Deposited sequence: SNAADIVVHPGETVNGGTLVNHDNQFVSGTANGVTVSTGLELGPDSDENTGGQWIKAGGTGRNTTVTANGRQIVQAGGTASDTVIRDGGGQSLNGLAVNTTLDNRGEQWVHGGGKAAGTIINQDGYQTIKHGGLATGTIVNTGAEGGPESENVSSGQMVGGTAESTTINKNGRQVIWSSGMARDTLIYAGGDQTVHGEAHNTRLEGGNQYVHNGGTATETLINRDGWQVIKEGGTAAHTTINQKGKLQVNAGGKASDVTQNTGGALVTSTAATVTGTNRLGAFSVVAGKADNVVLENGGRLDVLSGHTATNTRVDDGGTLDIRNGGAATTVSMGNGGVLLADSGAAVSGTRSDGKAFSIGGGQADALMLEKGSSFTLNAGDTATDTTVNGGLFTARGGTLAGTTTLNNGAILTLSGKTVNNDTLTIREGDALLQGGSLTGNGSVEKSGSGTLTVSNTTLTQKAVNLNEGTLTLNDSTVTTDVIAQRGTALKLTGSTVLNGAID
C-alpha cells in the first residue's frame, strides 16, 4: 500500500506496517510508523516508512521499533517521538524531536535537527554537513548520546549525557552540568563546564572552555586547549604531551599538570608557564597539583590550601612558597629551596635536607646515604630507606616516621605534642629520644638503639620492638611494653 498526501491535504492517524510507504507532500499528523527499518540502519535494503517530501510536513509522528521516518530535503518534521530503536533519517528540518529507548536520529548533510532531546539510550548522529541546534543530551554517559561529525550548536549536556565530537566535527556553545561529558576529537568552541567534564583527546582542540565550580577540563596527550578560564573550584588538567595556552586561572582555580606538559597563561600572581620541561609562577590550590619530573625544574611555585607540589627524584624546585594547607611531596634526591608558612627557609640538595616542615598530607622520603637535618613532622609522613636524622627531628600531632632500612640518629628525636608513630626498620646511634606532651609515642616493629629515651610526659608504647637504651622517666608518664618487645636494659 502506498498512501499519498498531496499539497493542501491533511491526514490524521493511521499506522504504517508491512513495508507500506506514506509519501507526504501535504501534512500528515499523528501517524504511527512501524515499518521501514526492519533490516536496521546498516542495511540499504529497507522498504516502507513515512517519507516527508519537499514542502511536506510530518507532525506528531510516533516512530516505533521497526519504524523509519525519512525527512527529505525541503521536508519538515515536528514533535516526532522516536522510540525502541526506531529511526528518523534527516535531510530536511526536524523540530522538537524526542529520542527514547535507543530511538535514533541521523542528521545527514544539509539536514537540521533543532531541539532534539536525547533520553535513555537514544542516539543522535550528526554526519558531515549535518546541523543540530538546541540539543538536550540526557544519556550516553551512564552507541548513545550525541555524536558530532557535522556541527552542533547550543547544546546542553545534563547528568548522564555524553557528546562525542569526531575529528571532523565541531561543537559550538556547549553547556555541561555535573555528570555530563564531552569528548573532543574534533573542535569544541565556547564550552561552559557547570560541574561537567570535557576530555580533549589527541588531535582534538578546545577553545574558550569556561570551567566553573567542580568543572573539569582534561587535555590528553596530543590534545590542545586555548583560552581556558578556570574559576574557583574548577580544575584544568593537562597531561604529559598535552597543551593549553592562554589559561586564565582565577583565584581558587585548580591546575593539575607536570613538567611534561605545556601550559601558559596568567594566574592571580601574574604570568606563569610550564614550557619545555620548565615551570615558573605556577600557583597551586584547591586540588591543584604540579609534578616536577626527573631532570626538570619549577621556580616560584606557590603551594596554597589544597595545593600539591610533588618533586620527583632528580627534579628541582626553587623559591617554593608554602602556604597554609599546602602539601609537599619530595625525596632526598630532589633539589628544593623555598620558605615554609612560618617564614623559615628550607632546602634539599646534594642529599641534604634542612628544616623540612611536613604538615598533614606532606611526605618526604630519605634515601640511603642521605641526611635530613632539623625536620619537623607535624601530622605528615617521613619515610627513611636508610640515611641519617640530624639536628632536632620533631614528631608531633599524628606524625609517622616509617623506616625501611638502617637509619642513624646521634642527635635529638623529639615528640612534644600529640601522638607519633615510629615504625619498621632500625634506628641506631648515640642519639636520644625526648617525649613530652600528653600524647603517645608508639614504637612499632623497630630495632631502636639510642643512648637514652627521656620520657618526660605522656605515654611511650614499645610494641614488637627490640629496644636498647636507658629509659629515663618522670612523673606524669606511662611506659608500655607490648607484643614481642625486648628491652635492654633498665629504667631510671
Task: Missing segments of the deposited chain sequence, listed N- to C-terminal - done: 1-3, 146-153
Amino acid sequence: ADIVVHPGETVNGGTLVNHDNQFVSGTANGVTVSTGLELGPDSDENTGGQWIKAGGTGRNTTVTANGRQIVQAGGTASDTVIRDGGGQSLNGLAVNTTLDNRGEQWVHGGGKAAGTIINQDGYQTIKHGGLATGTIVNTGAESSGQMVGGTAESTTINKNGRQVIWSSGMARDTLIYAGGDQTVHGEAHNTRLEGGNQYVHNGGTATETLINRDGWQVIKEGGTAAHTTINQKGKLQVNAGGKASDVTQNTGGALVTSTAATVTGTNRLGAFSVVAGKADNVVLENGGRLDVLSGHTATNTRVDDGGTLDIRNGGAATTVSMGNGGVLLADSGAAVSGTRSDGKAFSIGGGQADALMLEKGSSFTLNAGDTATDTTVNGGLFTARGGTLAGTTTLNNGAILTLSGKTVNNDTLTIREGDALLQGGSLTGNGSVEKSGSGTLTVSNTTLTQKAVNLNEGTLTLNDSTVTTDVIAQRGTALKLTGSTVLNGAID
From here on, numbers count along this sequence of modelled residues.
Task: Higher-scoring stretch by recorded Cα B factor average, 5-13 or 21-29 - done: 5-13
- [ ] Could you settle it for me: does 147-155 or 273-281 have the higher average Cα B factor in the PDB entry?
- [x] 273-281
- [ ] Report the option among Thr428, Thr57, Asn66, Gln69 whose CA atom has the maximum B-factor in the deposited record.
- [x] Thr428
Task: Criterion, highest CA B-factor; candidates, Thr133, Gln352, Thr76, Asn231 - done: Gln352
Task: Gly306 - Cα temperature factor, lowest/middle/highest third of chain - done: middle
TODO: Would you please rank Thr414 by its C-alpha temperature factor against the other modelled residues of its chain and give the third it falls in: lowest, middle or highest?
DONE: highest
Open item on the list: Based on the deposited C-alpha B factors for this chain, I'd like to know if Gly36 is in the lowest, middle or highest third.
Closed with: lowest
Task: Within-chain third of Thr371 by Cα B-factor, per the entry - done: highest
- [ ] Determine, from the deposited record, the chain-internal third of the Cα B-factor for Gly110: lowest, middle or highest.
- [x] lowest
